[PDB]
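Here's the structure, in C-alpha cells; my notes come after.
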Amino acid sequence: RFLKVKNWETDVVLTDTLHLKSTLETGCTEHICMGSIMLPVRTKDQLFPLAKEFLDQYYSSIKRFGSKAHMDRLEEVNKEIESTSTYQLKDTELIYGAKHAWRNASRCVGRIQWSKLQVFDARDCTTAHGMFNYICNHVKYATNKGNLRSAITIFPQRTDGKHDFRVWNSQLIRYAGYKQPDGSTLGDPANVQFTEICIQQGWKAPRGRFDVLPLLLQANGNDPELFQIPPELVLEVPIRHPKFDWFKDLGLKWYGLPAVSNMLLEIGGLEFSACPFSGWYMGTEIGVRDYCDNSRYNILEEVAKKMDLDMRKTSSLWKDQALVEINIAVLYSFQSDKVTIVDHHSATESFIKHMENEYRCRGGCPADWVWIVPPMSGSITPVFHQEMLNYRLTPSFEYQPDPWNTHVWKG
Amino acid sequence: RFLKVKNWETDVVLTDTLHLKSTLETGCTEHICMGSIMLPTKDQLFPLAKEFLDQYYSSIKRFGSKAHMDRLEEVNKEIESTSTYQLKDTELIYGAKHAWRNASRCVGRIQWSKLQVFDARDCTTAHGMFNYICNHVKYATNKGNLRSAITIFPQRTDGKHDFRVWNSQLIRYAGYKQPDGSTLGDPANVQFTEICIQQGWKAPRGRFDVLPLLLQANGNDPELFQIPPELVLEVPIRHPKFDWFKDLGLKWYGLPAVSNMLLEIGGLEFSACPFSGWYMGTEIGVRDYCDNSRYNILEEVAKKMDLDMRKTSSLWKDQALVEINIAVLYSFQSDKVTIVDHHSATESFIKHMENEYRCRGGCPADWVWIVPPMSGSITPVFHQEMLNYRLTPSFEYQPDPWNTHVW
Ligand code: HEM
Ligand code: HEM
Ligand SMILES: Cc1cc(N)nc(CCc2cc(F)cc(CC[C@H]3CCCN3C)c2)c1
Ligand SMILES: Cc1cc(N)nc(CCc2cc(F)cc(CC[C@H]3CCCN3C)c2)c1
Ligand SMILES: C[C@H](O)[C@H](O)[C@H]1CNc2nc(N)[nH]c(=O)c2N1
Ligand SMILES: C[C@H](O)[C@H](O)[C@H]1CNc2nc(N)[nH]c(=O)c2N1
Ligand SMILES: [Zn+2]
C-alpha cells in the first residue's frame, strides 16, 4: 500500500511507502485522533526480535544485508542475549542508531542535519563525576566558541531498571526559577520544581533572574549529585534590539546551546536513559516560547509598554507586535555575537527540502505537523501548507518519567 | 477509554466521554496519524434516522415518550414506503445547529445555538434559489451587525436531482490569468472565474470583482445571477497609523458564507446549504491577503514600510503581516462591521470547550485548524490538547459540481 501527501501551496504530491516499516503505535484509532496530545524492565522474550530488526536495518544501510558479517553478528547477538539477557552495540551500530533516532524524530524541524551528528560514546562511564566530565566535554565541543556543532553523549544502557544512568536536568543549560512568598516567580517559571530539588540537594542559589542551574547527575542507579558547569563553558548572548535602544535595559540574555538531556534513546531494543543531545536554536524557541509564553518569562507586557502600544483592547494586536520585535531582537543578538541560530523561515524551508529528499531516497519522512509549524506566523512558512504523515520508527527518542518520581533513595 | 485533555498553560484537565458516541471514521489508525491531511439504500437509512431521532428526543427530555416512539414508527413507515423521509421543522433546526456544534475545525462554535435556519425545501428553480440566497445575504449582513444563518435547499433524492450552489462562497472575488504570466484578482478562483465566463458571465476584469452566483436546481444546468451590489457589504482597508495604506487599493467583503458543503442530518443529504457568520481577522489578513497562492501582497507592503527585505532573519514578513492584520481589524471595526480578532475568538473557544465538557461531556476539536495562522502560541488554544472525532449531524465536503454534472 502507498499513501500520498500534498503541499497545497505548490501542488507537489509525494508518495509514502515508509510507514509500512512502522511498528510502534501512534495513539490514534479509526474513531479518535490524538494528534494534539503532548504525551500519549524489558526481558529476553522480546529483545532478540528487536535486535534482529535493528541489525537488518543496519546491514541494509551498509549494503551488506545477508552477508557473512551480517549473519555472524545476528548469531553473536543471539548467544549474548540468551546467556547474558542483554547485548552490547558495536561502535558503528551505536553511531548509526543515534543518527537514525534523530532522523526518525517526527517532531523535529531541524532534521536536515541528522547525518552530521557527533556521537560521544560514554558507555565506559561509572560515576556521577565521570558523567560531569563527559558532559563538560560535550558542551565545550558542541559550543565551539559559538560555531555550534550537533552532538550526543551516550551513557550506559539500562539493565534491570534499578541501575539507571540519568541526567535529572531537562536540559544541560537552563535558568533557575524561584517561587517567591508573594506568589510571583523570579527567573524561569518552567524550572521552579527542578530548582527546588537542587536547593534541597544542597545548591546555594544566587537567586537571580538568570542563574545557570547546576548539573544533577545519577550514575548506575545511585543518588544524584550536584556539579556546577564551569561558567566559561556556558556561552550566553545579551539580548538587544537593532532599533530599540531601551531593549538592552530589560536585562535579558539567553544561553547559546539547546541541549536536551531527559529523553530516552532506544536502539535495537536497548534503552539509553541518559543521552544528552544538542544542536542550535531556532529563534522562536527563545523569542516566542521562552520569553512570551504566559507561563514563562512573559515579557510581552513590559515590551509593549516600552513600545507604547495600544494595550487596552487585544484587537490592536499589541501582543503580536511585541512578539515580532522580541524575535527580531533574539535573531539580531545571536547573529551579532556570531552564535549560530536559524530563523523560522529558513528552518521551515530547509525542512521542506529535507522532507522531499527523504520521500525520494527513503520512501517517506514521518512528521508531526502540530509540532513542525512554528509558533508564530504559521501560514507564511511553507510547512503550514504541507500535509504530513506521522508514525513512529525505531531507533527513536522517547519521553520518560522524571527520575525524582521513580527513584529509590539510598540516603 | 474515558479520555482526558490537558491545557498546558493552565493545568486545567477535562474528561471526554462524548467521543464514545462517535460513529464515522477519522482516517487515522494505530500505526499512522493523518491529523494534517486536508481531506480523507433503504437499509442504511433507518438506523441513521433512529440514531438522530433518539438524540433529538433526549435533548428535549422526551426520550422514551409516546411522542418519541410515535415519531420513530412514523419515520420507519415512511422509509419502507418512500425510500426516504422528511424532517419536521423542529428536527431540521436542531439538525443544523448540531452540525455546526459538531464541526471540529470551527473556532466560532460558541455561537452555535444562535443560528437562523431558513427552510428552503419548497424551492424548485435557480431563480427561486437566487431569491432565497438574496434574502439570506440581506438577513445575515444586517447593515454590518452580522447574524449567523443557514439556508437549506431540498435534500438529495437519487443524485440526479441535486441542488447545488457552484460557488465555494456566496461572495468571492474574481480571478483572471494574465497573458504576461501571473494572476489578477484572486488566484483561488481562477477556474471558477473561468467557468463563469465560460458559461456566459461578462467579467469587468478588475482586482475585486464580485463573482456572480451559479445556481443548480434539481440537477439542471446551472444559471448565472448577479447578487445586487447593495446586498454585498464591502470594507475598504486602511491602516490606523500608515496613511499610505489606503493607496494599496485593498478591500474585502463582510459576509463569509460557505456554499459548497454537504449537510448530513439523520442520514439525509442536503447538498445545497449555504451558511454564514462573521470573519476572524486572520482569515482575511493572514490567509486571503498573504498566502503565496493568493493575493500575496506581503512584498508590496514591506516595500512601502521600507523594511530590510534582504534576509529572512529580519522578520520583515512577520512585521508586515501584523500591520496588515491590525488594518483589517481597524477597517471592519471602523465601518461598524462585525469581526473578531484571533485572541478573542480563541479565548471564546476555550470558554466554549469548558462548557461543552461541562454540559455535554466533550467537544471534538481539530487543533491543526483551530490554532490561528499567526501568533499561534500566544493564543490559549495552542496549549490546549484537543480530541478530534466525527459526530453527526455534520457538514461534509463534497465533489465540485462541474466534475460531476451530467451537463
Ligand atoms: C540542529 C538544529 C536543531 C534545531 C533547529 C531543532 C529544532 C527543534 C524544534 C523547534 C523542536 C520542537 C520542540 C520544541 O519546540 O520544544 C524539536 C524537537 C525535537 N528535536 Fe530537534 N532541533 C535540532 C537538532 C536536534 C538534534 C541534534 C536532535 C537529536 C540528536 C534533535 C532531536 C529532537 C527531538 C527528538 C525532538 C522531539 C521532541 C519531542 O518529541 O517532544 N534535534 N527540534
Ligand atoms: C460566527 C462566527 C464564525 C467564525 C468566527 C468562524 C470561524 C471559522 C474558522 C477560522 C474556520 C477555519 C477554516 C478556515 O480557516 O478557512 C472555520 C471552519 C468551519 N466553520 Fe466556522 N466560523 C463561524 C461561523 C460558522 C457557522 C455559522 C457555521 C455553520 C453553520 C460554521 C461552520 C464551519 C465549518 C463546518 C468549518 C470547517 C470546514 C471543514 O471541515 O474544513 N462556522 N470556521
Ligand atoms: C537539540 C535541540 C535543538 C533545538 N533547537 N531545540 C531543542 C529543544 C526542543 C526539544 C527537543 C526535545 F527532544 C525535547 C524537548 C522537551 C521540551 C518539551 C517537553 C515539555 C515542554 N516542552 C514542550 C524539547 C533541542
Ligand atoms: C461561516 C464562516 C465563518 C467564518 N468566519 N469563516 C468561514 C470560512 C471558513 C471555512 C468554513 C468551511 F466550512 C469551509 C471552508 C472551505 C475552505 C477550504 C476548502 C479548501 C481550501 N480551504 C481550506 C472554509 C465560514
Ligand atoms: C496541510 C494542512 O493540513 C493545511 O495547510 C491546513 C492546515 N491548517 C489549516 N487551518 C485553517 N484554519 N485553515 C486551513 O486552510 C488550514 N490548512
Ligand atoms: C497541546 C499541544 O499539543 C501542545 O501545546 C504542543 C503544540 N505544538 C507544539 N509545537 C512545538 N514546537 N512545541 C511545543 O511545545 C508544542 N506544544
Ligand atoms: Zn491522528
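Note that each Cβ is placed from the backbone with ideal geometry, even for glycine, and that neighbours are counted across all protein chains shown. Nothing in this text is a laboratory measurement; each read-out follows from the coordinates by a stated rule.
Observations on the model:
- Hey, A:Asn327 within 12 Å of another protein chain (Cβ to nearest Cβ) and outside any helix (DSSP H, G or I) or not: no
- Any hit, the stretch B:297-317, residues being among the charged types (D, E, K, R) and crowded, with 24+ Cβ neighbours inside 10 Å: no
- Filtering the stretch A:236-261 to residues that are among the hydrophobic types (A, V, I, L, M, F, W, C) and surrounded by 21 or more Cβ atoms within 10 Å (Cβ to Cβ) leaves A:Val237, A:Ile239, A:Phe247, A:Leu252, A:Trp254, A:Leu257, A:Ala259.
- No other residue among B:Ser293, B:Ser276 is of a type in the set (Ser, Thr, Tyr) and out of contact with any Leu (no Cβ under 7 Å at 6 or more places or on another chain) apart from B:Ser293.
- A:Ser346 passes every criterion in (1) more than 25 Å from A:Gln400 (Cβ to Cβ); (2) more than 8 Å from chain B (Cβ to nearest Cβ); (3) surrounded by fewer than 22 Cβ atoms within 10 Å (Cβ to Cβ) apart from (2).
- Scan of the stretch B:3-20 for residues that are in contact with a helix residue (DSSP H, G or I) (Cβ under 8 Å, 6 or more places away or on another chain), farther than 13 Å from A:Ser36 by Cβ and loosely packed, with under 14 Cβ neighbours inside 10 Å, ordered by number: B:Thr10, B:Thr15
- Of all residues assigned to the stretch A:66-83, none qualifies as being closer than 30 Å to A:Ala367 by Cα, more than 14 Å from every other protein chain (Cβ to nearest Cβ) and more than 16 Å from ligand 6 (Cβ to nearest atom).
- In the stretch A:357-366, the count of residues that are within 14 Å of ligand 3 (Cβ to nearest atom) and either part of a helix (DSSP H, G or I) or of a type in the set (A, V, I, L, M, F, W, C) (or both) is zero.
- Every residue from the stretch B:351-388 that is hydrophobic (A, V, I, L, M, F, W, C), more than 30 Å from B:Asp318 (Cβ to Cβ) and within 16 Å of ligand 7 (Cβ to nearest atom): B:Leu387
- Test result for A:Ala190, within 14 Å of chain B (Cβ to nearest Cβ), out of contact with any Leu (no Cβ under 8 Å at 6 or more places or on another chain) and away from ligand 5 (no atom under 16 Å from the Cβ): yes
- A Cβ distance below 8 Å, combined with a sequence gap of six or more or placement on separate chains, defines the contacts here; from the stretch B:287-313, residues that are under 22 Å from B:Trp244 (Cα atoms) and within 12 Å of chain A (Cβ to nearest Cβ) reach residues that are aromatic (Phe, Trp, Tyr) and not in a helix (DSSP H, G or I) in the pairs B:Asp288/B:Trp252; B:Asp288/B:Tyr295; B:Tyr289/B:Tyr295.
- Checked against the criterion of being within 14 Å of ligand 1 (Cβ to nearest atom), closer than 28 Å to A:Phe194 by Cβ and part of a helix (DSSP H, G or I), the stretch A:399-411 contains not a single residue that satisfies it.
- Selection count, the stretch B:368-385, where residues are under 18 Å from B:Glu9 (Cα atoms) and in contact with a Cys (Cβ under 9 Å, 6 or more places away or on another chain): 3
- Qualifying residue in the stretch B:196-208 (condition: under 29 Å from B:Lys336 (Cα atoms) and within 22 Å of the chain's Cα centre (by Cα)): yes
- Search result, residues across the stretch A:357-411 that are over 21 Å from the mean Cα position of the chain (by Cα), more than 7 Å from every other protein chain (Cβ to nearest Cβ) and within 11 Å of ligand 5 (Cβ to nearest atom): A:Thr381, A:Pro382, A:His385, A:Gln386
- Enumeration of residues in the stretch B:204-232 that are surrounded by fewer than 16 Cβ atoms within 10 Å (Cβ to Cβ) and of a type in the set (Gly, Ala, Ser): B:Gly206
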